[PDB]
Each structure stands twice: as structure tokens, then as C-alpha cells.
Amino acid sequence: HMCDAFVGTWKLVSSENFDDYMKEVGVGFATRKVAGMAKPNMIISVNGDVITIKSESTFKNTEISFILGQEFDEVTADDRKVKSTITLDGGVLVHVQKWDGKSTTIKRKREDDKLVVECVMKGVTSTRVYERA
């Protein structure tokens, strides 16, 4: 019953500062423009110890499956090849991505009926709010 309140199908309803987050990460112009238009659905499921997070949009479809605390390799929507580790910290899914000596952290939390996603790279934060689909 690990992660029960995250499981389901979620739709993006608002984004703030995502262009600047993508800039900070190193995403190029054309990818930022197309990625920034997307209104993904995020589909979270759990089977035993394995959590799966899918993101589907007109821009890209991504899927990760993982065990908490156990590093895995991820190809991000912008084609970075990163090493990822996801843990639960006080009810928040904390996702760290490492690549080329760089690091970004993505937090996912349940707040009221929303799933709030906070993406941080150095001093730049973006907040993306999802609602149940």
C-alpha cells in the first residue's frame, strides 16, 4: 500500500516556470517549445515492490519502472541518459537524476485532490499540477 494515494491516471492542469527549468537542465530551443506545449497524462501503478510511472503526450511517451532506493538507468523525454534513484521521504516521492556531473531532483506529492510535481535544477524550480483524469 506503498504509494496508494499516487496510483491512478492524472492529467496536467497547470505549469509554472517549466521553460526556465528546462533551460537550466540544458534542453534546446525546439524541444523546450514542443515539450512546453504538452499536456501529459501521468499513469502511476504499483505491482508488488515495482512502481511504474508513464507519461504520455503528443510530445513523447515515457515509462519508468523501479524499486524504491534502487538505481536505474532512464532516458528522459529530452534524451538525456541519466542514472535515477527514487525514494519515499515522508510521503513524497523523491527522484534524483544524475548525468554528466549534473543533478536534478523531481518531487511528486499528493496535496488535496492534486498530484504536485516540483522539478528543481540548481536555483530554478518548476511546479506542475496534475488532477485525476
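Residue positions are given as counts along the sequence shown, with the first one as 1.
Stretches compared: 75-83, 38-46. Higher mean C-alpha B-factor in the entry: 75-83. When the two stretches 98-106 and 50-58 are set side by side, the higher mean Cα temperature factor goes to 98-106.
Among all modelled residues in its chain, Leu12 ranks in the middle third by Cα B-factor. When the modelled residues of the chain are ordered by C-alpha B-factor, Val25 sits in the highest third. Ranked by C-alpha B-factor against the other modelled residues of its chain, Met121 falls in the highest third.
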